[PDB]
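Structural description and commentary
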Amino acid sequence: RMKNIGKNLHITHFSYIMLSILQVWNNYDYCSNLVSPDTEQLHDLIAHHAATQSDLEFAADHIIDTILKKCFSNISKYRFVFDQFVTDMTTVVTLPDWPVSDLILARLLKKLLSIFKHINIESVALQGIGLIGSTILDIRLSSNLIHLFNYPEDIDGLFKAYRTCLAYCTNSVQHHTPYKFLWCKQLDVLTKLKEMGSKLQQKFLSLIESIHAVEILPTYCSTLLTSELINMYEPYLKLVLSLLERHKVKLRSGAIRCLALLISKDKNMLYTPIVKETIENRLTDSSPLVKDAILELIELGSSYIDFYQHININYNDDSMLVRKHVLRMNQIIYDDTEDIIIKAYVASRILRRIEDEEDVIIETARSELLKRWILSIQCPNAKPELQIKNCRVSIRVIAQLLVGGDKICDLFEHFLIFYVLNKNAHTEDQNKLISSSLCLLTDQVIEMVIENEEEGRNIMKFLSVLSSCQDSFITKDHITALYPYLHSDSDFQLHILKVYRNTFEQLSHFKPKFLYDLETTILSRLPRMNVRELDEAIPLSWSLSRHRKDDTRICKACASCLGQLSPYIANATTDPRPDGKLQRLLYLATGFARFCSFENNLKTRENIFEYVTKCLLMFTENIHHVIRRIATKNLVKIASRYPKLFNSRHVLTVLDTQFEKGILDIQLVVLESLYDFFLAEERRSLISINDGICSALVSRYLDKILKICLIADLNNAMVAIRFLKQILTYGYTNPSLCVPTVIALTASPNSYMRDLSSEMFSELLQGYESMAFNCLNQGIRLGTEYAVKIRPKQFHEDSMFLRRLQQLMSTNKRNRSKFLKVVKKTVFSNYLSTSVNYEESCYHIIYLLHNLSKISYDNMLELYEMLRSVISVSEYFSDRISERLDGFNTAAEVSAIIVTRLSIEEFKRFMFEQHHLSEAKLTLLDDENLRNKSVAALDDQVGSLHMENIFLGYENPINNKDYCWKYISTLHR
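Residues numbered from 1 in each chain as written, not as in the entry; some residues may be left out. Heavy atoms only, no water.

Remarks on the packing of helix α42 (residues 776-790) against helix α43 (residues 801-809)
In contact at an axis separation of 11 Å, α42 and α43 are set at 155° when each is read in the N-to-C sense. As far as their axial angle goes, α43 and α42 are roughly antiparallel. The handedness of the crossing between α42 and α43 is right-handed. Residues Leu-776, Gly-779, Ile-780 and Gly-783 of α42 form the contact with α43, whose own contacting residues are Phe-801, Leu-802, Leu-805 and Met-809. Looking at the contact of α42 with α43 residue by residue, the class counts come to 6 nonpolar, 2 polar and no charged. (Axes fitted to C-alpha atoms, helices over the stretch in contact; angles between N-to-C directions. Helix = DSSP H or I, 4+ residues; strand = E, 2+ residues; numbered from the N terminus. Parallel < 35°, antiparallel > 145°, perpendicular 65-115°, else oblique. Left-handed = near helix turned anticlockwise from the far one by under 90°. Contact = heavy atoms within 4.5 Å. Nonpolar A, V, L, I, M, F, W, Y, C, P; charged D, E, K, R; others polar.)

Written out as structure tokens, the structure is:
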């Protein structure tokens, strides 16, 4: 049973009648018979309309109350009498036939907002309130009274809009009191203005004077923007946004549906400050499913380019779901904006996802970059001139992308070499398009640099990456056109040299006149070039040498270089200094020696590289420190190209001298340079090889390299451990020479070293299990010594060294007890034996005792048998302290023994507290022992040893007479 209205619309009879009844609460009958403009009978009229309003406001409240209290008593049966009511009101608000409805919804919305009671109510209220909010926005979009306060101009226009709606009323159906009540809303706006002189009164009087379907909807809605209803929009908006933080899922989800409805009706919503702020806040601090929900809401607008920076907070989120979502939106942003710095930003995050745990996300990230940068260039849909315009934005984007990040450049080069130009990754038609597209792309890269002569030098960096490809698409006419800008001068010159160096190793048959003038330009500027461009120009000069089939000019530049050294080698056979010019000419002389390859020049018969080493040996401890470094660095670099030099007693005695004398800046360059040699060895075993020489070098310097891994300065220690890594994987040594050092490094407080160590040790465990166990002893000892050495005051803060080893190594019946047997032998044979000097070892014993607290003894017997042993050692120490004060410089040893005794005591007390633990089970031997083998144990943190019980507030207890006295005071108490 529902009642017909105009356009096939029904309402429950209850609401139909009730709205009819409340619309008689009006005062236009008073107003109509009022003829004379009695200034005294007008302020009378306001008191009667104000009475009419507060009355039916009270009446509206009380009907709103009872309906709710009835619906919310059993929110299981009356669902759709509540949702029927809200659907009735929202239906009729847009009609001038029913002007009281705006009041009803206004006070209904007030009461539902105050609910935010059982979730069954809240979620039902939450849906109705979303329907009310929805239609508030409907009205507001179709074609404002504090606005009238400032500009009373538009009060005239407002009643004009009313006048049309009253005109519309007259037509149909039973319209008498609808016209009436609607008329009094005109009088209503003016009394709400006076709430805030005679400018309203004459408008008031001229209204009293004037009593003698979807085309109106925009106009009628214009009147409703003065009402209370529409002005409740923002407090409703403020609420639903706040609901995105509530813990209850049905509120959050109901909030999502509320905003989804709003955003799809008005899309500029997202940028209104209140929602923008909340969306941005929820993207940082929220769960994965709320983050995804916020991202889907953003997606409901038209463009959301401005949100790009907050969207990508979660580009690397832990959730695959959110990572997939952000990737999808980075694509839309990229295709939407025309801004290069935006495109490169979002493309950077797409490119980063080619390294991802999910293979699906990889192929998505790869394909969409390939589609956009490569295959887009030759679209079946022409024209050609749009094609190059797409080509150029791609170049601008990539060039900007390559600016900044070493990581992102490596990712781009990987994407280019191992995906784009990998013909097994694509179909045959695609490889054709890729080859065609890249050809046109590199050509446009060239045109863009020449036309340009921060964009330009970034494009030149891109060109060098393209040039380093297998078969580049740079041609002889391209490299001819670039020649003017090899002369003119930042890193622009290094990159163009790269392009030349690489292209001349690929193209052949150049014009001889161009080859000649290029060879002049390079060899002229060789003196004034830095090291990194020499490492390109000198090989390029050699390439030009062979293209010319003429080596005379390269030799002339080389001999000129060696001549300029003759003053310094003369002053090297005497002695002092260096400054600016000698440095770059040792790099230049070395440069020639390694990249060429000529044989003869005009001084003494020789090989040029043998001459250059003899000069370098002259600068390798008399000579100034900064030049020896460069000389020794370059000497190893030459020996890397001619490994037979590593047999010379002269150069070896140079390497000998630098490893022992220990200076860190020289030692470092020796280590990286030798490291580069051993890496080159591996690359060339995967295709000359020289295993005997490398084994010779390992046998001499391995001892000293292992030492550098455990020194304090991590510059040398990092290069050393990476050197050691290469030595192991290639297999020059028996692994056991290195495993003690790798175990030791797992004790590092440094994050990188401790991680890098543990995978190397995991790697050696699978390959050589039983050998690693034979090295566990020395590993522990070098471990504790290293730990204590780096952090002398704070080493004890890491008690998990031995436990990390136990978890790595104890994955077996026999392995779990072998690790325990070794740890027991080490502690007692090496640290608590009579051969130990406790002055040197007390801090080591402390570090260990911590770690022995957090290991797992597997069963109670191994644990109880342990404390049995340490207490025996403790009482032993007690007897030896009792022998000292039993007859009194000797403070050093007693302090060391006191410290070591208290350490054992603190250990035993901590173990008793944290585990069980009973003196009664401890003191008794013998069935009862096997009754302890069958109870189990592991441990946690929980907390560490109390060190106040060992140091007794002393500094530095060792050789501290006050510390000794304090302990002695605690004996004869």
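Some details on the pattern of salt bridges
Between side chains of opposite charge, pairing is possible as soon as their charged atoms come close. All chains considered together, the criterion is met by 44 salt bridges. Ionic pairing is found between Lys-291 and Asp-317, a salt bridge with its closest N-O pair at 3.0 Å. Separated by 26 residues along the polypeptide, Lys-291 in helix α16 (residues 288-299) and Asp-317 in the loop between α17 (308-311) and α18 (320-336) bring together distant segments of the chain. Each member of the pair, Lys-291 together with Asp-317, is buried. With its nearest N and O atoms 3.8 Å apart, the salt bridge here joins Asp-703 to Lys-704. Here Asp-703 falls in the exposed class, since its relative accessible area comes to 53%. (Salt bridge = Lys/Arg side-chain N within 4 Å of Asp/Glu carboxyl O. Buried < 20%, exposed > 50% of the residue type's maximum accessible area, 1.4 Å probe, protein only.)

Focus on the UniProt feature "repeat: HEAT" in the chain
Within this numbering scheme, the UniProt entry marks residues 231-268, 270-307, 342-379, 646-683 and 733-770 as carrying the feature "repeat: HEAT". For residues 342-379, the helix share is 68%, the strand share is 0%, and the end-to-end C-alpha distance is 24 Å. Overall, residues 646-683 shows 87% helix and 0% strand. The separation of its end C-alpha atoms is 19 Å. (UniProt positions renumbered as here; feature names shortened; annotations may be inferred.)

Details of the environment of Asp-318
As for its position among the elements, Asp-318 is in the loop between α17 and α18. Overall, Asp-318 belongs to the exposed group, its relative accessible area being 76%. Remark: the alpha-carbon pair of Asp-318 and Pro-288, spanning 30 residues in sequence, is separated by 8.4 Å.

Section: the packing of helix α21 (residues 384-402) against helix α23 (residues 428-452)
In contact at an axis separation of 10 Å, α21 and α23 are set at 75° when each is read in the N-to-C sense. Between α21 and α23, the crossing angle belongs to the class labelled roughly perpendicular. Between α21 and α23, the contacting residues are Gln-387, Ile-388, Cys-391, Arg-392, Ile-395 and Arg-396 on the first element and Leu-440, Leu-441, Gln-444, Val-445, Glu-447, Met-448 and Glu-451 on the second. The residue makeup of the contact of α21 with α23, split by class, is 7 nonpolar, 2 polar and 4 charged.

Description of the domain arrangement of the chain
A common way to state how big an interface is: give the accessible area lost once the parts meet. Each assigned domain of the chain is listed here: domain 1 (2-231), domain 2 (233-298), domain 3 (508-602) and domain 4 (845-973). The centre of domain 2, based on its C-alpha atoms, is set 60 Å off from the matching centre of domain 4. (Domains from an automatic or database assignment.)

Points about the packing of aromatic side chains
On inspection of all chains with the given rule, the structure shows 33 aromatic pairs. On the numbers, 5.9 Å between centres and 50° between planes, the contact of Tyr-675 with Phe-723 is tilted. The burial state of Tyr-675 is the same as that of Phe-723; both residues are buried. Members of the aromatic cluster, connected to one another through ring pairs, are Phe-646, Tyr-675, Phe-677, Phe-678, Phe-723, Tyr-730 and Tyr-732. We note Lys-3 situated over the ring of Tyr-16; from NZ or CZ to the ring centre the distance is 5.1 Å. Sitting over the face of the ring of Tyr-516, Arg-553 holds its NZ or CZ atom 3.9 Å from the ring centroid. (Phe/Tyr/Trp six-rings, centres within 6.5 Å; stacked < 30°, edge-to-face > 60°. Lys NZ or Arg CZ within 6 Å of the ring centre and 35° of its normal.)

Here's the deal with the nonpolar core
Among the nonpolar cores identified, the biggest contains 323 residues, and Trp-373, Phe-412, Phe-415, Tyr-500, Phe-504 and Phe-592 are the most heavily contacted of them. Among the elements that line this core, the one with the most residues is helix α47 (residues 891-914), at 11 residues. Residue contacts for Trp-373: discarding those within four places in its chain leaves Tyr-334, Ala-347, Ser-394, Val-397, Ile-398, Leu-401, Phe-412, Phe-415 and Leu-441. (Core = buried A, V, L, I, M, F, W, Y, C linked by side-chain atoms within 4.5 Å.)

Comments concerning helix α30 (residues 552-563)
End to end, α30 covers 16 Å across 12 residues, agreeing with the expected 16 Å (1.5 Å per residue, within 8%). Restricting attention to buried positions, one finds in α30 the residues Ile-554, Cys-555, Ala-557, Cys-558, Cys-561 and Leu-562. Taken down its axis, α30 places every buried residue within 165° of arc, on the same side. As for α30, its buried residues are in contact with α28 (512-525), α29 (531-548), α31 (566-573), α32 (581-595) and α33 (608-618). (Expected span 1.5 Å × (residues − 1). Arc of directions from axis to C-beta.)

Some points on the environment of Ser-348
Relative to the assigned elements, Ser-348 resides in helix α19 (residues 340-352). The buried category is assigned to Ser-348, whose relative accessible area is 11%. In sequence terms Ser-348 and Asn-330 are 18 residues apart; their C-alpha atoms lie 9.6 Å from each other. Apart from the residues within four sequence positions on either side, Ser-348 is in contact with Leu-401 and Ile-408.

Concerning the environment of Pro-749
Here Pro-749 lies in the loop between α39 (739-745) and α40 (751-767). Here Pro-749 falls in the partly exposed class, since its relative accessible area comes to 35%. For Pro-749 and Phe-795, which are 46 residues apart along the polypeptide, the C-alpha to C-alpha distance reads 8.4 Å. Not counting residues within four places of it along the chain, the set of residues in contact with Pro-749 comprises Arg-754, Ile-790 and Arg-791.

Some points on the side chain of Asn-634
When you line up the elements, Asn-634 lands in helix α34 (residues 625-641). Residue class for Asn-634 comes out buried when judged on its relative accessible area of 1%. Reaching out from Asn-634, the side chain makes a polar contact with the side chain of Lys-637 at a distance of 3.2 Å. Apart from residues no more than four positions distant in its own chain, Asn-634 is found in contact with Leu-586, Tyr-587, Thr-590 and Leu-616. (Polar contact = N/O pair within 3.5 Å; in protein donor to acceptor, adjacent residues only side chain to side chain.)

Side note on the pairing of strand β1 (residues 2-5)
Taken together, the 4 bridges between β1 and strand β2 (residues 9-12) define a ladder with antiparallel strand orientation. Its bridge partner lying in β2, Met-2 is registered against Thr-12. Where β1 hands over to β2, the hairpin turn is made up of 3 residues, of which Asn-8 adopts a positive phi near 35°. (Pairing = 2+ DSSP bridges.)

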